[PDB]
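Asker: Attaching a single structure in C-alpha cells format; questions to follow.
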Amino acid sequence: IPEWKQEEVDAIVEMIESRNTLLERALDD
Amino acid sequence: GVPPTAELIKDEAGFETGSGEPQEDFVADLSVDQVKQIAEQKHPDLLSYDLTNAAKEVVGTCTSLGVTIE
Amino acid sequence: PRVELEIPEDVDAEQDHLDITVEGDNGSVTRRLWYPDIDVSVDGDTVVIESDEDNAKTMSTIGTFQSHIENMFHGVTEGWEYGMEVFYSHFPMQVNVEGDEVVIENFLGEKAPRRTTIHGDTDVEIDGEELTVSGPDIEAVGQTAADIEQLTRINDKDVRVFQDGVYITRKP
RNA sequence: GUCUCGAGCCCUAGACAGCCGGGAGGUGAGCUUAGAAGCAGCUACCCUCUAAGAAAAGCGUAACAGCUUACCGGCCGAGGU
Ligand SMILES: [Mg+2]
C-alpha cells in the first residue's frame, strides 16, 4: 500500500464532509 | 489589454537591463507595498482565486532576475 | 491451454478435420489451421483452440489462431477495406480492372502494361484517383492491396525523385 | 531459438503495453540578440491552477507554428518488469 494513495484518500474524505478507485474508496468511508 | 509582468518590474525599480547571472548578482529592489500594487492589476491573466497567491506569481520572476526584497 | 471465442449472431461456422469455414453476410472464408497438438473445434456457439502443451512455440500459434478466427468473423460481417491513392508526376498513369486482374498502363512512360492478378473473391473498385480493395478474407485482400503497391516497384532509379505509383492510404 | 532454476522490484487502492482524453497559466522566463518565444549560447531552473503538465526529454522552423516525451486522468483486466 503506497503512502501517497493513503494521503490522497485522507484528502478526498476531507472534501466530502465539507482516480475513480480513490473516489470509490473515499465514498465507502 | 494589460501589459506583461517583466516590464512592470522595470518601471518601479529604475533599472532597464537585468544581469549576467540571476540571484547571484543583485540589481533592482522592491518593497512589501510595491508588490501589492501589481497584484491588483492582473485578474483575468492569473488563475489565482485569492490576492495572497497572486503575489507569489509576481515574485516568481523577481528573485530569478536580481531583485532583493526588504 | 484453452481459449474460447464466442461466435457473433451474424456469423455461423462449421468445421471438418483441420479446415474451418466461416460464413456470414459479406461472404465465406475457409482456412486450414494445422500445428502440433493444437485442436481447433466448434462447441455449438464457441470456437475452442486448445492444447495439452504450454511451451513458447505452442503459445505463439494458439495466439495466431485466435487472431485468424477473429479476423474471419470481422471479414464475413463488416469486411476488410484497404484504401489506395494513385500518384503521378509527369506521366499520366492509367489504372484499370481488366477482368480478374488490375492493369496499370503508361507507368513512368512504359509502353508495356504492368499487371497483377486479384486473389480470390476480392473486389477492387476504382473512383478516378482512389482505389478501394475489399473482401472477406484478410489474407486475399491484404495481398491484393500489397500486390498493387509492389507492382510499381522501382529498383533501378532513386525512389525519392521517381515517386510515381499507387500507395496504401488506409489500413483497417 | 527453446527449456530449467534463483534474486530484486511493481500489481485488483488496477501493474506492463496499447488506444482515447489532458498535456493548462504567470511568461513568448532573463541575459544575448534585428529576433530567439522548451528546444543557437549563458544563467537560473523559480509558483499559480490542479487530477496532471519541465524555466522542457526528442524531432521540427529564419523565428513562430506544428508533432509528440515527461507527468495526469479514462477504457482494459492479470500478471508484469
Ligand atoms: Mg544509376
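Residue numbers (the UniProt record's numbering), protein chains in the order written: chain A, 12 to 29, 63 to 73; chain B, 67 to 136; chain C, 2 to 173. The beta-carbon is built from N, C-alpha and C at its ideal position, and this holds for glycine as well.
1. When you compare only the Cα positions, how much space is there between residue 81(B) and residue 164(C)?
2. Kindly indicate the opening and closing residues of the alpha helix (DSSP H) around residue 64(C).
3. With DSSP as the reference, label residue 163(C) as helix, strand or coil.
4. For residue 128(B) and residue 101(B), I'd like the C-alpha separation in whole angstroms.
5. How is residue 69(A) classed by DSSP in three states: helix, strand or coil?
6. Just to confirm, is the Cβ distance from residue 152(C) to residue 123(C) under 8 Å?
7. What three-state label does DSSP hand residue 17(A) in the structure shown?
8. For a minimum of 3 consecutive residues, which ranges assigned as the beta strand (DSSP E) are wholly contained in the segment 95-133 of chain B?
9. Quick check on the DSSP output: the beta strand (DSSP E) that includes residue 23(C) runs from which residue to which?
10. Along the beta strand (DSSP E) that carries residue 136(C), what are the first and last residues, could you check?
11. Going by CA-CA distance only, name the one from 50(C), 155(C) and 28(C) that's closest to residue 5(C).
12. Please state the DSSP three-state secondary structure of residue 97(C).
13. Short of 8 Å in beta carbon distance, which residues of its chain neighbour residue 31(C), apart from the five on each side in sequence? Order them along the chain.
14. According to DSSP, is residue 153(C) part of a helix, a strand, or is it coil?
15. What is the residue span of the beta strand (DSSP E) that residue 127(C) lies within?
16. Out of 12(C), 131(C) and 48(C), point me to the one whose CA is closest to residue 84(C)'s CA.
17. Would you give the residue range spanned by the beta strand (DSSP E) that residue 14(C) belongs to?
18. Which one of 12(C), 59(C) and 158(C) has the shortest CA to CA distance from residue 212(C)?
19. Smallest Cα separation from residue 108(B): which of 99(B), 93(B), 95(B) and 124(B)?
Answerer: According to the structure shown:
1. 60 Å
2. 57-76
3. coil
4. 10 Å
5. helix
6. no
7. helix
8. none
9. 20-24
10. 131-136
11. 50(C)
12. strand
13. 20, 21, 22 and 23
14. coil
15. 124-128
16. 131(C)
17. 13-17
18. Residue 212(C) is absent from the structure shown; chain C starts at 2 and stops at 173.
19. 124(B)
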